Amino acid sequence: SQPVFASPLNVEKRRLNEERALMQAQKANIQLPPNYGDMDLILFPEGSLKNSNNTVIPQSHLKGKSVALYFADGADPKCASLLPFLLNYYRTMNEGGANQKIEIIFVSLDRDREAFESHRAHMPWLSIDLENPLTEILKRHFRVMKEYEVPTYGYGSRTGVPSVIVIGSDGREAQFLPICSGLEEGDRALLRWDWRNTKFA
Amino acid sequence: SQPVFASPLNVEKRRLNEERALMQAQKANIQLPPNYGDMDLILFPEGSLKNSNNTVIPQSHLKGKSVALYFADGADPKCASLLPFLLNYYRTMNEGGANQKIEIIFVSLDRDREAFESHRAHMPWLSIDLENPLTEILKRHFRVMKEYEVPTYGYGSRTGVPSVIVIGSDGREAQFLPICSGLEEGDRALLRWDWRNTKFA
Amino acid sequence: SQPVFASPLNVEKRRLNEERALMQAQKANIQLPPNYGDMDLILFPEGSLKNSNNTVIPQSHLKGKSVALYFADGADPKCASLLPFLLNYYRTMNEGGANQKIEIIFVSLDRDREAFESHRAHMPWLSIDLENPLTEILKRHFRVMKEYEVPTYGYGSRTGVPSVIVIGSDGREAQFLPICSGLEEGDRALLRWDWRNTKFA
Amino acid sequence: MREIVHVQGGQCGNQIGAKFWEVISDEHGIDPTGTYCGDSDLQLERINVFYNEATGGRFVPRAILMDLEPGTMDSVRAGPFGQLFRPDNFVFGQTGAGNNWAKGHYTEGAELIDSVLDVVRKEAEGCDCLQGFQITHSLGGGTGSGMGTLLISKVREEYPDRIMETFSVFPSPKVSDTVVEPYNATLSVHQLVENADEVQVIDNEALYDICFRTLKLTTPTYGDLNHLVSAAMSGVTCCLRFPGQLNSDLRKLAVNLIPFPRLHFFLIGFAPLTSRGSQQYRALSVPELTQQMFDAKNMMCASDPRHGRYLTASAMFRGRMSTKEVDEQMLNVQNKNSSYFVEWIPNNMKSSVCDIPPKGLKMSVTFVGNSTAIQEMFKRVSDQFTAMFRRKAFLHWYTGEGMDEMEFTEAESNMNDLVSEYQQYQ
Amino acid sequence: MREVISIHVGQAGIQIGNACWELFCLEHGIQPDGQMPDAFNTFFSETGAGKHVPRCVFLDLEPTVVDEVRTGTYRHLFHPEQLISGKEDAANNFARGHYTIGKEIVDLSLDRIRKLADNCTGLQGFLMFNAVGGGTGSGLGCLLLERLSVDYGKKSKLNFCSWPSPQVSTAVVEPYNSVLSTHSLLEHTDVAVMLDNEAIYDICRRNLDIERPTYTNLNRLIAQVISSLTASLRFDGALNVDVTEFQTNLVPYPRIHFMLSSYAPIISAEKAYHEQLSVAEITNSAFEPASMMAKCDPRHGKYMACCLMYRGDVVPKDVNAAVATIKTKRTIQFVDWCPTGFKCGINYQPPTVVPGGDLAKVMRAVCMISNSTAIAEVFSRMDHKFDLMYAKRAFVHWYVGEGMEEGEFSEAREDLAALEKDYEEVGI
Amino acid sequence: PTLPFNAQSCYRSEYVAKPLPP
Amino acid sequence: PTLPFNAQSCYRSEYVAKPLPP
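- Method of determination for the deposited model, per the PDB record: cryo-EM, at 6.7 Å resolution.

This is how it looks when you write it as structure tokens:
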């Protein structure tokens, strides 16, 4: 139940964990429905992610790295402007050090296949395929939306596009870097990344 | 994560090494993901390198020699100019001792099989076959390109064909030979080679 | 790397020896890459040399002797002129003493098997068959070319056919005999052959 | 940071100034529509110097179009890169100055000035901190020369310490269309010797000599001529927009090239320059640039510098190059031609290096020389002025608008003393 | 505990500051970040968990050369306020950089300086790097030294002046800047070392045989001088030399504090594996006039005093056996009232090579600093080039109209003339 | 019809995040 | 079609690095 209640990934999490809690309770003083603390979540299913060679990596590979979601649309001037700084920031922070510190997932807001391919070819970080239901699910979960056509359940929009949100293992958000937000400090928002206190454990 | 973070050998290296790190972690406060120091890769597979008779030698043959890649094109005038000086340097430098000093691998930016074999007939050092994807992977690893055709990820061209790259065990760019570079010592830059400190260990 | 570095036979030598060295180092201040003095090859395998009336002669029978390769052609008028002088020289020199001292191994630059058998029917010394890739790797090793057709790695054509080259244990040329060379002493360069020093151990 | 306000005057200034925005936009990767393509930092790091965000992704130039007739800026709007300009930055006129400097300056300039100067007040002050202005105009025309210069007079009083450079195209030597040329030129110079800071003179006949003798163009149109003038404009402001090994702003150039405050009329060349036929055959290097540069054939004025003395020069280099090669060539030039450099100053030249070249060339140079060979420019206007002022030819036009005959005599003396000033250092 | 504060002012100071701090960080083994993952204390601070922040200030009146520092690799290493910037330049103008534009940037300078110098006392002094030929390098350079002199009296104020070359200047207003600075560099600076530009250019073109150096190859060689300068301050030494040590040893009288430089050996990788760099060999090359870093032949002067800093596997014995040879050589000579004229230094840690540079990894080195009478020509040459210009009032309208008064040139002329009278009187 | 831009500066070519001192 | 150049200098023919005597 972070960061919203009314999200598809939260109802998925509640479903599986309710199911597993019922099963182990039937085998056995179990709090039904389970506590959100007791809930355990698989965020990216086994074959959602892929690197720049379009081969799948498991979710467990992301251990020890600050993983940031990057909601981007191709045709958007603003995302086209943000991309070089982000490349440079990835460059510098992951080249100058002892361990890999940060990692980026790309989530498309484009409309079709060739647009997605053309946009993703510029990006070395991991990406989620367009047709996958996880893209829509994540959009609803973080309430990222280009313009309001999606029925949000009484909430609003946390952000527009582009956005970078660093995430944790459990599917929360640890920091929402203000590119085009309440603070509107674009391309200087990158410098506020606390990769020390945000780890994908 | 040398010389770049976003290169195909480094992404295969990262995947493979931490795959093995999770395996031994499951089998057992070993640091995940493993340090660039802790990582090991096999650069040239079993069947990559071949000599003058097209008979395959393994990678472990290169141990104790200053090895250097040579990115060459068959029809390029600059490559046509640089080839005799490189060949004479190879001749004299390796002849003038009771020990092997340096070795050249041939990486082909050439058009097709016929032209590749015709050009490879002129070289007395080792080569990698053109149809082998390792050629393209090495090109994107070392950021050599004939013009901006394959995407590079916020990086630049390190150089153009022709180029000689002194390499290390782990894909370390040991030194750049300034043939067509920031310095432009055409046919003179070969004398810069410090074979003493750059050993394929 | 004697007398050339870009030889196929020298590349084969480096392969075998350095493979042996790596396996020995894996098993156990052992020098990688191995010293040229420490490198050893098998030059003529058991099925290379055939004597008069076609019987297989191993390498073992070449020991403690002065051995010269005769790079010869069938239809070359200079070869036809050189042959009787060398025949008389071989006969007289071997009769003149207790020991047989010199030996000739014949390397053919003929077109085909008919020419090979027709020319080799004269000769009483040892001959290497035309199909065996030895007859070309030795040719490339000692830099013999009738016509500039071999892909030749910035070599000079060291000799033209006919030629005789005194070979050492480790493939080094003991001495060049100047028939068509710097001295240009045809059919009398035979007398310059010293046999005290140039012993095949 | 620093911004340059661009001000374009007359038919010439619009057609010249269109291409200046075409080359800067191409240099900074700007679409005709207004957006940006090319994902590199180098462009947008210093974009404030010329451009202005609109928060639709898009940029507007810091440009003030200015003309007294509606026709000439209809053409620049209908063209490509014509949607780039904000349509309020245009200022229209209905009447128009018919090559009459008086009614450009006094009568039909005085009612449009309150409008165009309002646009300048809004736009120049609108940044954090202004660096200066640049004006492009003809001194042969009416609204480029009469009303263009009155803008300079008023903006200079309001903003005393800001730089103020111009790209003025003078009267031609040989052929003289718009027959009232020396009246426009002479009356402009004395207003442009007092109220202007740096002046870079261009002759049309010098440009046509370059085309026909070197570039070997069959039909050199105003597109091709204006391409070259724009490449000179971009050269003198590389430092403002890209980094380098030795930085050089506009004020840095002036304090070197101007030894005494009266004399600030400069000459411009540009190297390299070869035809498309001989593009691939010509070896490009620093010595090859510096000997193309020091040539009357290459210069953009019809005044042979070997008739005089380079009082002070400068070269603004662009490209990946060694300082020592720059240092030798600027010394080699002074060692061999010792008679073409004034003697009571050693090392008459300044060097500047900007890293980013113009797109397509790996190395280039623009050139600025302060010479006493530009004396032969003003004399050839001075005799032409007194030739038709003797007869009082076409004076009723000028004197019917508001001037007195006294202003003509002052413009004579204020130009002849400048002639006499270049004598004093020769 | 033990500190020395670096001050970089101007174009030249910043660029040579960049190459200095790259080598200092590299040889102390600290990352771009600043965490090596107490020999460093002289240059760097301790800011929490193993994080080191340099003790330097960058000053410039224009932002475009300090932008590129805040933008490149070492942007996480320098404290953001330790790079101070204005919005407009001084434009090769002393007058602008002193009176007009300079007044509102020195207040920020002295705040950062005071906070970076009050953490521990026993501060050795301030290294200063300025371009004399420049605007903010000269103009502002006097002014922050003026206020420093009022505040911290007792304490060394060294300077590394990038001086105009005899033949190549690339600035025509530069004789005015150089003379005006030298007057005020005389009063409130303890030691001045001259690094002529084209002195180092031809050193590279002969020794290293480099056709195409840039400023960065020049900056690396100056960086090797400062490292060999302060090696005894940071590291263990057989006979260490500090910075207070210099002023007593190389300055006979108040007015005379203008010294030259020569570093040897500098040879490329292609002719270093041939050379046995013995102490005798490297000290012979130090005294050669073709290796001096000012383009000023000491054959028309006398060595008033001289300082030598050895670095590497250098024994004290071979120094004495090699300096005695220099005393007996007849081409080099000493003033009569200086029978003994040497200060020696031996430091253990050999010079550090920067990868992708153009020097070679070598066993031992010499840095030599000398006070000479040959300095008479370098101001006697400006003597000519100033009276040429000022006779007919070239460029004088710029200086007058922006705050200066007429007669500051006459005061600068008299002090420079008295300085030439002073060097000629010493040499008798 | 605009070709893309293939220049990188003196700065980016040589001031890179260097590996650790030996 | 072509016939190739074949000649090299007397210096490179007979001045090469010979292996040292025992």
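That was the structure; now back to the text.
1. Some details on the overall build of chain D
Then, in step 1: In terms of helices and strands, chain D carries 15 helices and 11 strands.
Then, in step 2: Its C-alpha atoms give chain D a radius of gyration of 21 Å, near enough to 22 Å, the size a compact globule of 426 residues would have.
Then, in step 3: With the principal axes as the frame, chain D shows a C-alpha extent of 60 × 60 × 45 Å.
Then, in step 4: Long-range contacts, defined as pairs at least 24 residues apart, comprise 81% of the intrachain contacts of chain D with a sequence gap of at least 6.

2. Some thoughts on the UniProt feature "domain: Tubulin/FtsZ 2-layer sandwich" (unreviewed entry) in chain D
Then, in step 1: Per the UniProt record, "domain: Tubulin/FtsZ 2-layer sandwich" (unreviewed entry) is annotated on residues 246–383 of chain D.
Then, in step 2: Between the end C-alpha atoms of residues 246–383 of chain D there is a gap of 43 Å, over a span that is 28% helix and 23% strand.

3. Quick look at the sheet that holds strand β4 (residues 126–128) of chain A
All names here are of chain A.
Then, in step 1: The sheet built from 6 strands is open, its strands ordered β1-β4-β3-β2-β5-β6 with mixed pairing. Strand pairing shows two members of the sheet lacking a second neighbour, β1 (49–50) and β6 (173–177), which therefore form its edges.
Then, in step 2: Pairing of strand β3 (residues 102–108) with β4, which is carried by 2 bridges, proceeds in the parallel orientation. Bridging across to β4, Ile105 finds its partner in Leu126.

4. Concerning the state of the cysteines
Then, in step 1: Under the counting rule described, the total for this entry stands at 1 disulfide over all chains.
Then, in step 2: Each sulfur in the disulfide pair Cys238 of chain D and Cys354 of chain D lies 2.0 Å from the other. Taking the sign of the S-S torsion, about -75° here, the bridge from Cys238 of chain D to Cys354 of chain D comes out left-handed. Highlighted residues: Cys238 of chain D in the loop between α9 (222–235) and α10 (250–257) and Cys354 of chain D in strand β10 (residues 349–354), separated in sequence by 116 residues.
Then, in step 3: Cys180 of chain C provides the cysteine sulfur closest to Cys79 of chain C, a residue in no disulfide bond, and the two sulfurs are 8.9 Å apart.
Then, in step 4: Accessibility expressed as a relative area gives 1% for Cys79 of chain C, which makes it buried.
Then, in step 5: Its sulfur unpaired, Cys127 of chain D is 7.4 Å from the next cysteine sulfur, which belongs to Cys129 of chain D.

5. What to know about the arrangement of the chains
Then, in step 1: Considering every one of the 13 pairs of chains in contact, the largest contact total is recorded for chains D and E.
Then, in step 2: Spatially, chain C and chain E are disjoint, and the shortest separation between their C-alpha atoms is 22 Å.
Then, in step 3: Regarding chain A and chain G, the two do not touch, and the least distance separating their C-alpha atoms is 46 Å.

6. Regarding the sheet that holds strand β2 (residues 56–60) of chain E
Backbone-to-backbone hydrogen bonds join strands into a sheet, with any given pair of strands oriented parallel or antiparallel.
Residues and elements named next belong to chain E.
Then, in step 1: Spatial ordering of the open sheet is given by β3-β2-β1-β4-β5-β6-β8-β11-β9-β10-β7, a layout of 11 strands whose pairing is mixed. The open sheet has two free edges, formed respectively by β3 (83–85) and β7 (237–239), since each of these has just one partner strand. In this sheet, neighbouring strand axes are inclined to one another by 20° on average, regardless of whether the strands run parallel or antiparallel.
Then, in step 2: As paired strands, strand β6 (residues 191–194) and strand β8 (residues 258–264) are joined by 2 bridges and run parallel to one another. Within β8, the residue paired with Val193 across the bridge is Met259.
Then, in step 3: Seen against the sheet, helix α1 (residues 10–27) touches β1 (3–9), β2, β4 (123–131) and β9 (303–312) and runs at an angle of roughly 145° to β1.
Then, in step 4: Packing of helix α4 (residues 106–117) onto the sheet brings it into contact with β1, β2, β3 and β4, and relative to β2 it is tilted by some 170°.

7. Quick look at the UniProt feature "active site" in chain E
All names here are of chain E.
Then, in step 1: Under the present numbering, the feature "active site" in UniProt falls on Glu245.
Then, in step 2: Relative to the elements of secondary structure, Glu245 occurs in helix α10 (residues 244–250).
Then, in step 3: Judged by relative accessible area, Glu245 falls into the partly exposed class, the value being 32%.

8. Quick look at the packing of α1 of chain E against helix α8 (residues 215–229) of chain E
All names here are of chain E.
Then, in step 1: Running from amino to carboxyl end, α1 crosses α8 at an angle of 60°, the nearest separation of the two axes being 8 Å. As far as their axial angle goes, α8 and α1 are oblique. Our pair here, α1 against α8, has a crossing hand that is right-handed. Residues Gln11, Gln15, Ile16, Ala19, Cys20, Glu22, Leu23, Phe24 and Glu27 of α1 lie in contact with α8, whose contacting residues are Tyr215, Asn219, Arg220, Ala223, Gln224, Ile226 and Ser227.
Then, in step 2: Looking at the contact of α1 with α8 residue by residue, the classes come out as 8 nonpolar, 5 polar and 3 charged.

9. So, the pairing of β9 of chain E
Residue and element names in this part refer to chain E.
Then, in step 1: The element β9 is largely enclosed, with a buried count of 10 among its 10 residues.
Then, in step 2: As defined by bridge partners, β9 adjoins strand β11 (residues 364–372) across 9 bridges and the pair is classed as antiparallel. What sits directly across from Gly312, in β11, is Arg364.
Then, in step 3: Of the strand pairs in this sheet, β9 and strand β10 (residues 343–347) are connected by 5 bridges, and their pairing is parallel. Looking at the pairing, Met309 lines up with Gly345 of β10.
Then, in step 4: Between the parallel pair β9 and β10, the chain is carried across by helix α12 (residues 316–328), and the sense of this crossover is right-handed.

10. Quick look at the UniProt feature "binding site: GTP" in chain E
Then, in step 1: The feature "binding site: GTP", as annotated in UniProt, sits at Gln11, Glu62, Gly135, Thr136, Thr170, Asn197 and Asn219 of chain E in this numbering. The subset of the named residues that lines the largest cavity consists of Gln11, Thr170, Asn197 and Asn219 of chain E.
Then, in step 2: Relative to the helices and strands, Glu62 of chain E is located in the loop between β2 and α2 (67–71).
Then, in step 3: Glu62 of chain E gets classed as buried once you look at its relative accessible area, which sits at 5%.
Then, in step 4: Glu62 of chain E has contacts with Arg2, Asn247 and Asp249 of chain D together with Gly86, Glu88 and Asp89 of chain E, leaving out every residue within four places of it along the chain.
Then, in step 5: One can find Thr136 of chain E in the loop between β4 and α5 (139–151).
Then, in step 6: Residue class for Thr136 of chain E comes out buried when judged on its relative accessible area of 5%.

11. Considering the pattern of salt bridges
Then, in step 1: One pass over the structure, following the stated rule, counts 54 salt bridges over all chains.
Then, in step 2: The partner of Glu173 of chain C in a salt bridge is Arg158 of chain C, with the nearest N and O atoms 3.5 Å apart. One end of the pair, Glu173 of chain C, is in strand β7 (residues 173–176); the other, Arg158 of chain C, is in the loop between α4 (134–141) and β6 (163–167), and 15 residues separate them in sequence.
Then, in step 3: Overall, the relative accessible area of 23% leaves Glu173 of chain C in the partly exposed class.
Then, in step 4: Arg158 of chain C sits in the partly exposed class, given a relative accessible area of 26%.
Then, in step 5: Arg241 of chain D is paired through a salt bridge with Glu27 of chain D; the nearest N and O atoms lie 2.4 Å apart. Residue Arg241 of chain D is found in the loop between α9 and α10, and its partner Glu27 of chain D is found in helix α1 (residues 10–27); the two are separated by 214 residues along the sequence.
Then, in step 6: On the accessibility criterion, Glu27 of chain D (8% relative accessible area) is buried.
Then, in step 7: Within this structure, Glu185 of chain B together with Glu211 and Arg212 of chain E form a network of salt bridges that share partners.

12. Points about the interface of chain D and chain E
Then, in step 1: Each partner contributes residues to the interface: chain D has 34 residues there, and chain E has 37 residues.
Then, in step 2: Its salt-bridge partner being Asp67 of chain E, residue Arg46 of chain D comes within 2.7 Å of it at the nearest N-O pair.
Then, in step 3: Across the contact surface, chain D and chain E share 8 residue pairs in polar contact.
Then, in step 4: The set of elements that each furnish at least two residues to the side of chain D that touches chain E consists of α10, α12 (323–336) and β10 of chain D.
Then, in step 5: Class assignment for the residues of the side of chain D that touches chain E results in 14 nonpolar, 9 polar and 11 charged.

13. Some details on a nonpolar patch on the surface
Then, in step 1: Residues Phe5, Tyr36, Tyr153 and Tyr155 of chain A make up a contiguous nonpolar surface patch of about 440 Å² in total accessible area.
Then, in step 2: Secondary-structure assignment places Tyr153 of chain A in the loop between α4 (133–142) and β5 (163–167).

14. Digging into unusual backbone geometry
Then, in step 1: The residue after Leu32 of chain C, namely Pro33 of chain C, is reached through a cis peptide bond having omega 5°.
Then, in step 2: The topology assignment puts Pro33 of chain C in the loop between α1 (8–27) and β1 (49–50).
Then, in step 3: Residues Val161 of chain C and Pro162 of chain C are joined by a peptide bond in cis, for which omega reads 0°.
Then, in step 4: Of note, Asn92 of chain E is a non-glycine position whose phi angle comes to about 45°, a positive value.
Then, in step 5: Following the sequence through the fold, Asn92 of chain E ends up in the loop between β3 and α3 (94–100).

15. Considerations on empty space enclosed by the protein
Then, in step 1: Counted as a void, the largest cavity has a volume near 700 Å³.
Then, in step 2: As for the largest cavity, its lining consists of 39 residues, of which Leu246 of chain D together with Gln11, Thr170, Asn197 and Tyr215 of chain E are closest to the centre.
Then, in step 3: Looking at the lining of the largest cavity residue by residue, the class counts come to 18 nonpolar, 16 polar and 5 charged.
Then, in step 4: Of the voids in this model, the second largest cavity is the one considered here, and its volume is about 320 Å³.
Then, in step 5: As for the second largest cavity, its lining consists of 22 residues, of which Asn51, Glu103 and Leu126 of chain A together with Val11 and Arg14 of chain B are closest to the centre.
Then, in step 6: The greatest single-element share of the lining of the second largest cavity, amounting to 5 residues, is contributed by helix α1 (residues 8–27) of chain B.
Then, in step 7: Looking at side-chain class alone, the lining of the second largest cavity contains 11 nonpolar, 5 polar and 6 charged residues.

Calculation criteria
- Here the residues of each chain are numbered from 1 in the order the sequence is written, which can differ from the numbering of the entry; residues without coordinates are not included.
- For this description, chains carry letters from A and ligands carry numbers from 1, given in the order in which they are written.
- The chains in this view make up only part of a larger assembly, and the values are for that part alone.
- Remark: hydrogens and water are excluded; side-chain values derive from all non-hydrogen atoms of the structure.
- Residues with missing side-chain atoms are left out of burial classes, side-chain pairs and their counts.
- Secondary structure is summarised from DSSP: a helix means a run of H or I of at least four residues, a strand means a run of E of at least two, and numbering begins at the N terminus for each.
- C-alpha atoms define the radius of gyration, and 2.2 Å times the number of residues to the power 0.38 defines the globule rule.
- Note on contacts: a residue pair is in contact if any heavy atoms of the two residues lie within 4.5 Å.
- UniProt positions are given in the numbering used here, feature names are shortened, and annotations may be inferred rather than shown by experiment.
- DSSP calls a pair of strands paired once it identifies at least 2 bridges connecting them.
- In what follows, a disulfide is any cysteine sulfur pair within 2.5 Å.
- Each residue is placed in one exposure class: buried if its accessible area under a 1.4 Å probe, protein chains only, is under 20% of its type's maximum, exposed if it is over 50%, and partly exposed if it falls in between.
- Only the stretch in contact is used when a helix axis is fitted, and all axes are lines through C-alpha atoms; the angle between N-to-C directions ranges over 0 to 180 degrees.
- Here the word oblique covers every angle except those under 35 degrees (roughly parallel), over 145 (roughly antiparallel) and from 65 to 115 (roughly perpendicular).
- Two helices crossing with the near one rotated counterclockwise from the far one by less than a right angle form a left-handed crossing, whereas a clockwise rotation gives a right-handed crossing.
- In this count, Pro and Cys sit with the nonpolar residues alongside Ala, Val, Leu, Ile, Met, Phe, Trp and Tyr, while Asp, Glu, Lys and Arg are called charged and the others, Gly among them, polar.
- If you view a crossover with the strands going away from you and the path from the first strand over the helix to the second runs clockwise, you call it right-handed.
- Lining residues are those with an atom within 4 Å of a point, where the points come from a 1 Å grid over the protein atoms alone and group into cavities, where a 1.4 Å probe fits but cannot get out, or pockets, open sets with protein on both sides within 12 Å along at least five of seven lines.
- Any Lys or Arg side-chain nitrogen located within 4 Å of an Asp or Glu carboxyl oxygen qualifies as a salt bridge.
- By the criterion applied in these results, polar contacts are pairs of N or O atoms within 3.5 Å in which, for protein atoms, one can donate a hydrogen and the other can accept it, and in which residues neighboring in sequence qualify only through two side-chain atoms.
- Patch membership requires more than 30% relative accessible area and the absence of a salt bridge. Residues of like charge join within 9 Å; the nonpolar side chains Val, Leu, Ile, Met, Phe, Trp and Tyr join within 5 Å.
- A 1.4 Å probe and the Shrake-Rupley method give the accessible areas. Residues count as covered only by the protein chains that appear here.
- Grid points are joined across faces, edges and corners, and a volume is the space filled by probe spheres set on the points.

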